[PDB]
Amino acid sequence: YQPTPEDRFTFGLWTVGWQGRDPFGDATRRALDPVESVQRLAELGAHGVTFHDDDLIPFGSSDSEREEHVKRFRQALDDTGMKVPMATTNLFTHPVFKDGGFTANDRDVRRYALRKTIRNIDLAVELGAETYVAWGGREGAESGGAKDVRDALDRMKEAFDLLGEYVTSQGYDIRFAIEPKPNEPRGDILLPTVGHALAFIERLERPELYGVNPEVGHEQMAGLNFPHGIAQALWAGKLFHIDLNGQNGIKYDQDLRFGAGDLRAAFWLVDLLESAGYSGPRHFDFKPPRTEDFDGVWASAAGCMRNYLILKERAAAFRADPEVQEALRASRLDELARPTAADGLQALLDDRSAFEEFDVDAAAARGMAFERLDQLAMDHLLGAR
């Protein structure tokens, strides 16, 4: 289970660089240099990294420090062969974003958020990123009178429409991916699920510029089936990027390594990405627990990749198994994939076997044989075949 840079494994700077500050505790780990992380992640088998603006260039940097940071960074990528497939803006840490970036009630703030975002889009394009993610972690409210959601969705649409105008006036090949989250650190966050972010995109002036960046633990914080939401994003053609991690149910966002948390969901997610042939980065947006030293950091980033690769092999052996393929026909998966009425409306309406002479008791009596199927999936995931 050794990754190679063909597995398309990526990591944010902020992930292995998390110092372990939490709502109740001080950092437990020193700040990593981005160049160290690039070299360490390359040795483990990763294929590239991603960044916020403010991961790479310290907030308030001059234009001469700005360039020094970027040049160092760039030398590390050239030295290791790592890519930068995705980049993003920090519109959540600084106190100025305490009411949001693109939806902050103060108009001057919303203009400043767009200017900070456009400056980093130019950087991203310079460093080769194909996808530009937007996670509006500060867009929301703790109380009902603080935010008119209609106005806020006008502002959000306005900001994303300007960014699409900017990208298409520069000639950039870059797409946008909106990342939903239902809460945390706002009481409630706007566009809180994949379905809200898909819907929203269909109102933008150029919807084809925008897809979604769903993260495992964000839909699971709403108690939702992550594989189900990713199947919808795939069905809409809008799975532009994906964040992988683990989460134990509806509580704070834990950001555990990928394969911790809900292990059977992780199996069914891998099964789906691989059989749909998703070809983007497999990006890990996780935090090594603050119990760990830098050894535990690199163990935890390794086990992300390892659990992906074990669950790919188990999903591949599940679908390849003739007994599974027989059970899938027993459960009528083959029939699900056929049109209901490709004969058309009229034929349907004149078809006496569809109503007047349908035997609803004989149909009701047929067993779906799902439990046998699911125990086959269980025996495959567990290697107990």
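A residue's number is simply how far along the shown sequence it sits, counting from 1.
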| item | value |
| --- | --- |
| Residue range whose averaged C-alpha B-factor is higher in the record, 357-365 or 16-24 | 357-365 |
| Of 58-66 and 337-345, the stretch whose C-alpha atoms average the higher B-factor in the entry | 58-66 |
| Member of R314, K287, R175, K116 with the greatest C-alpha B factor (per the PDB record) | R175 |
| Highest-ranked of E142, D255, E208, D151 once sorted by CA temperature factor in the record | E208 |
| Chain third (lowest, middle, highest) by recorded CA B-factor, residue given as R107 | middle |
| Assigned third (lowest, middle, highest) for the C-alpha B factor of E126 | highest |
| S331 - which third its CA temperature factor falls in, relative to the rest of the chain | lowest |
| Third of the chain's Cα B-factor distribution that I310 belongs to, per the entry | middle |
| Cα B factor band for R72 (lowest, middle or highest third within the chain) | highest |
